[PDB]
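Only one chain is given next, in structure tokens, and it is the form deposited without cytidine-5'-diphosphate (CDP).
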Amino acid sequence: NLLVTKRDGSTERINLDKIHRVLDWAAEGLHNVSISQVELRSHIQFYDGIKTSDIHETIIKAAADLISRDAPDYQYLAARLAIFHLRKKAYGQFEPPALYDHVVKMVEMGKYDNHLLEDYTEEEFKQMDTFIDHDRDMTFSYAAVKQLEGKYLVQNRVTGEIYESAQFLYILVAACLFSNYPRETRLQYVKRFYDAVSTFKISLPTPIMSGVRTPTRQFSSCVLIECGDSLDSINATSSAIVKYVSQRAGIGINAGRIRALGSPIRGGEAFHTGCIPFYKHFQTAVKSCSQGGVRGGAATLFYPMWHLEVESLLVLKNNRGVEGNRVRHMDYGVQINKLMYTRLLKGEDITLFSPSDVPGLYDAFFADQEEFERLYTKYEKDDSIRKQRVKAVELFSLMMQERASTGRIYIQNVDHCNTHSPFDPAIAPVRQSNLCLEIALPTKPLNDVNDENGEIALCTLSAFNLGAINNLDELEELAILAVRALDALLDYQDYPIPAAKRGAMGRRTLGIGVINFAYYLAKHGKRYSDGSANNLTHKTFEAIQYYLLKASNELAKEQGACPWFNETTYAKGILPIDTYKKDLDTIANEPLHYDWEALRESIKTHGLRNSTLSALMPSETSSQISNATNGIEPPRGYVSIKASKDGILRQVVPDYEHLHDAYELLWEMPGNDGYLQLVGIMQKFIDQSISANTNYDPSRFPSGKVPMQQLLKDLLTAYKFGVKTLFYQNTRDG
């Protein structure tokens, strides 16, 4: 008989034909999927009085467990089944309610913002409902649905109730972002943005995806804080971190100016103890709202290579040492410039100084390399200055050894960040990066949490899916929607600290990047390691930068340039194509295809809405939702395995069936040269920076040990092609 129990807890008789119908429905259009195979595996686990929800979970998992490279279409079979179960779970039926009724109910329950009902009329919601296509939920993959259900869809985390479906999320994010638009164009934009996000052309960050439409206003994910050399600034920095990590933001801290251990105690401020103690205080601030003082909340601290305590700073995450000299739960970014690299090449020494003892040096390091060398050589000979000399080879090897063993000791080439940038280094120099090393914005130290003369950088992100466009001229529409939606967001969100508001309203900085790069290269028949993708990469990143500046320029015409537009190089008629590292000319010969000189003039005359537009970030979740390869990285394998409460999550790279031999997997690359050239070509056009990785496989080297020579050679190649920063170092576990 097999009794089935329902949601109200009432008994009906099992209906095996109904189940089969759903399976047959879900399978429509898929290849190599056996409905019988799924029925055999799930029916055996049924029993008298099994709830209906449990039947749904059982068949979902059955299909999920058959996902493989040989039958990738199980990804969709499981997904559709999952979508079906979520529909019934939220609406009690498959067919979603009308938009207007849904929004009314959610506003009354306190789950949606009430401004939605004030900002749009019932007729306008009826119009919006005709845009929605609920059948687009049938295009997700199983792993995507799991992320949607896990961290995007509005739900009751305690009771496990899901209140909405993907398409209401997409339509309402659009509705909120363009709510302040004139009624003559408002809904035309709403429809276009909804089409772009629901068909995976534009990806949005997690915070936006889960919050916009709900009553919250906290959407910042990266804050850049610069700390001055004083107890008041140390306290302000610390207070600012606590406020921002409680809202789940990644922090990027510049603590380079703090004077060295021993330096003259100046003002009562016991700076006799040096950097370490204060670094430990920033670590506890970063972990202040973390479970058991270690999980959640992250930061990357930056310091110059010539700091007098650099040798103690470089081994802070070494897992072998006294607790009083170790700050293990933060990542560090070392700041280098051309002079430092020269000393290494010539086999000379590097002189270490405390920032407080060398007037003008620290600022010169970022804004003027000629003045840096002048001051640096002067102070080397000045006998009144406290200093220390170390062999450049020793310092560079100590740094690289720590980078290699932890993977988390990053590099920032400060000269490249200021000679090739959107900002004028005399007025607004770039002095640090963020958590994942792709943001590069100007900052100013605070003397108090509420100091209005300080500046904290924030950046709003998003990305273009290179696997969902047919030709590069589709980026014109996409760039308009991406820029307009994110610029609206800058006025929509809250700012807990005055200095953060200042930078956002002054410069209106954005960071739009790409996902699915590997897939894109595979379908064009190119690889990473042999130089075959150089010209296509050049051509592709010229289109992205060109259309992003165009959209921003059009927006400034309409609504005015950003208040501090005059501090940008763009304001003086200087473009990315005028300041790139000239060595790039030897590795790419593609011509420019767009009219940059027409654009040059327009920017000069009407200005830009946003000071920065592009940045290439990492991405795990966004890419999962659109079944795309992460950011610009090569896949580690054809199938991704992730752990979940419900089971093992598998995801097959896009179009594996036809492109398995076209892909070039991470550990198939012979080395980092090909990849480092592509990053250099991308950096010619990007406003900010890229999260570049370096990868090494021990089994490709004699005795299973990566030679220091190879590590330093790749460091220098990166520098030669204009790479601004370097993120993770991946070493193989084989």
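Note that residue numbering begins at 1 and tracks the sequence as displayed.
FYI, the form solved in complex with cytidine-5'-diphosphate (CDP) isn't displayed, but the following is about it.
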> Among 616-624, 489-497, 302-310, 160-168, which stretch sits within 4.5 Å of cytidine-5'-diphosphate (CDP) in the deposited bound form, heavy atoms only?
Replying inline: 616-624
> Does any heavy atom of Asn470 come within 4.5 Å of a heavy atom of cytidine-5'-diphosphate (CDP) in the deposited bound form?
Replying inline: no
> If you check in the deposited bound form, is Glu438 within 4.5 Å of cytidine-5'-diphosphate (CDP), heavy atoms only?
Replying inline: yes
> Counting only non-hydrogen atoms and a 4.5 angstroms cut-off, does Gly250 reach cytidine-5'-diphosphate (CDP) in the deposited bound form?
Replying inline: yes
> Would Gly506 show up as a contact with cytidine-5'-diphosphate (CDP) in the deposited bound form if we use heavy atoms at 4.5 Å?
Replying inline: no
>> I need to confirm a contact call. Of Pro96, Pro425, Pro205, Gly607, which residue comes within 4.5 Å of cytidine-5'-diphosphate (CDP) in the deposited bound form, counting heavy atoms only?
In response: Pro205
> Which of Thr586, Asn319, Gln291, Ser384 has a heavy atom within 4.5 Å of cytidine-5'-diphosphate (CDP) in the deposited bound form?
Replying inline: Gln291
